[PDB]
Structure formats: C-alpha cells, structure tokens
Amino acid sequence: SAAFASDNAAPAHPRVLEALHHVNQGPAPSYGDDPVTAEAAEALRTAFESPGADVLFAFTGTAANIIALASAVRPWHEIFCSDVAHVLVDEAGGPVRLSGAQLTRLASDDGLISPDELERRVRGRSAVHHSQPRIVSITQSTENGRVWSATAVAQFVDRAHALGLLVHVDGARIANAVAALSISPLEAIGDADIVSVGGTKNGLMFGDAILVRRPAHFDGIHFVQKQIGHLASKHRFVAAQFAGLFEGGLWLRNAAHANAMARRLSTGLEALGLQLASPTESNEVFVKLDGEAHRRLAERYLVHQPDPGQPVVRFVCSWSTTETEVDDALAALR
C-alpha cells in the first residue's frame, strides 16, 4: 500500500474536482487571461497578505522551484540550500541545469540552517574567479519534517537580506507548517522574496504556485515559465484547483488533519519502543528501523529510506489518511 509513501500518493479532495467541473463550460481565453486565474491569484495573494505580489502557476513543485531560482540568477551567481533540500537531492539537478549556477549546500539540523553558516559561506566571494552569492533557498516545513519557528524564519530571512541575498522558500508543505504553528502564512515564510506554494501534496491533482513578493528581482520569470513548458493553455483548470482548495480555509484544514495523523503515527511508534530520527513537527514521521523490521513492513507498506547509509524510514500522512490506516501500519510493525 502507498498510504504512507508520500502525501503525493493521496488522491484529490472532492472540492478540487468540483471546481474543475464548475469552470468546464464554454470557451475561455488561454494562457491565464481568464477570470478564474485572476480569482485564484487574488486568493493566494490574500492568504499571504502580499497584495503587491505576482502569482504564477506551475504543474509540479520541482517546476515551481526551478522557475523561482532560475529567474533569480545569472549563471555566474551562487545558490545556497540546506544539505537535505529537495532542489539539491530530488530534482535530478533541474535547478542547476536551468540556472547554469552552482548550488551550494549548507550544513543543517534536519533542514534548519543557522544564519552563521550562511554568513560563513558567503564571506569574501567578490573576485571575478568566484561564483557570486545571490539567493538562499529554505524549506518550510523542511524535508526532514521540522518547522522553522516564527522567530527563526524571520531571523534567517532578515540576516540573509542584510548580506545582500534574496530568499526563496520551498513551501511544498507550507500549509503543514502554517497549521502546526497556528500563525499567519506570511509569518510562516518570514519576508521571503519568492515562495513555491505547494498544492499537489495538500489535496490537488497537480499544481504548485509561485508567489513573487518582490517582482523587481525576478525579471523574465514569465519567460522562464514559458520556456520549460509550464504555462498552461487551459489555465482555468490549474487555477480552479487552487480556488477550490483555498475556498473557505479548506487548505489549512487538510494540512491540520495530515499533521494530526502524523502525530498519531509518531506516538504509536514511540509506544512500540522505537526511536524517532527527527521530531514530528509536521506531517512526516522519520523513525529508526532495523533491516528486518523494515523489510517486513515493506511487504505491506511502501515507505521511503531517504538516506541509504542510515536505518531511518519515512512515513508521510495526507488529508485523506485515516486513523485505521495509521493503526494498521503500526500493527504491521509489531
């Protein structure tokens, strides 16, 4: 079963399909010049309290990240990210291929990067022989299931800005961080210049948006989107998914349920005597499992081992995860 393989193993929320049906009549001008796209863009700007932002819509989170970062840099610039960042490990090098720029990893505590580590790797890089530090990407919630605190994300973004850098937030799971912290979306991303806003993992069929809070720094981003095939002609159907998910606060209720199920699973794993590899602050559970328990669990449940050198497996819960599924996975581990 793929019930815990990823939150992208989940189906789509019925309200998303309903939104697709609602816009499925009559002709519509293509490529985003339609009222549904305008409505969805305004919904995202309002949610993040960023009335001056531009909003683009891509089909995957990989695409959202590549478009944001490649529009931020020239090839002789330098991009920074954590040592567990999706852009670094799970996009087959897409960001580097499109940007032409080096992607420099930073030591992190489960994705949480110290401002001092960034400062150390940016210092003294002004010669023509050096890639030029330009933008740092962080992830919220992180790829190891942690959440940046309101204070920590504000301090990191402010410190990066003081160094003359831009900040990108990979919010493929931003809804899970917002629900976990009970703060505003804007507080959860901390004055970032650009944000990949995840939809796919939170109940869409597909779709990951780009909130460009400071458009002056990303000139040409719409051309970059076009050049990699992510400007949809039938754009009403990507936009309608976001409208349906954000209608009435549904997106944060979806993420809160995913988080609650992850908490149930994590508590159950600890009750079995197992050790968490990372604290369950979001909708992802990382647990230490020996080889045979892993292979026995794998006969019933598909789970990811993010690091081949560490006996740690990952469970991910979604908007559609049930208490019965959690308890059945735990029974499988016993």
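Each residue number is its position in the shown sequence, starting from 1.
Asks: Averaging CA B factors per stretch from the PDB record, which one is higher: 303-311 or 66-74?
Replies: It is 303-311.
Asks: Return whichever of 163-171 and 117-125 has the greater mean Cα B factor according to the PDB record.
Replies: Stretch with the greater average CA B-factor: 117-125.
Asks: Just the C-alpha B-factor column, please: which of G203, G248, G93, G229 has the biggest number?
Replies: Going by the entry's C-alpha B-factors, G248 comes out highest.
Asks: Where does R15 sit by CA temperature factor within its chain: lowest, middle or highest third?
Replies: For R15, the deposited C-alpha B-factor lands in the middle third.
Asks: Tell me, lowest, middle or highest third: where does the Cα B factor of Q275 rank within its chain?
Replies: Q275: CA B-factor falls in the highest third of its chain.
Asks: Comparing against every modelled residue in the chain, figure out the third that the C-alpha B-factor of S320 lands in (lowest, middle or highest).
Replies: Answer is middle: the recorded C-alpha B-factor places it there.
Asks: Pull the Cα B-factor of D83 out of the PDB entry and bin it into the chain's lowest, middle or highest third.
Replies: It falls in the middle third of the chain.
Asks: Is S141 in the lowest, middle or highest third of its chain when residues are ranked by C-alpha B-factor?
Replies: Within its chain, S141 is a lowest-third residue by C-alpha B-factor, going by the deposited values.
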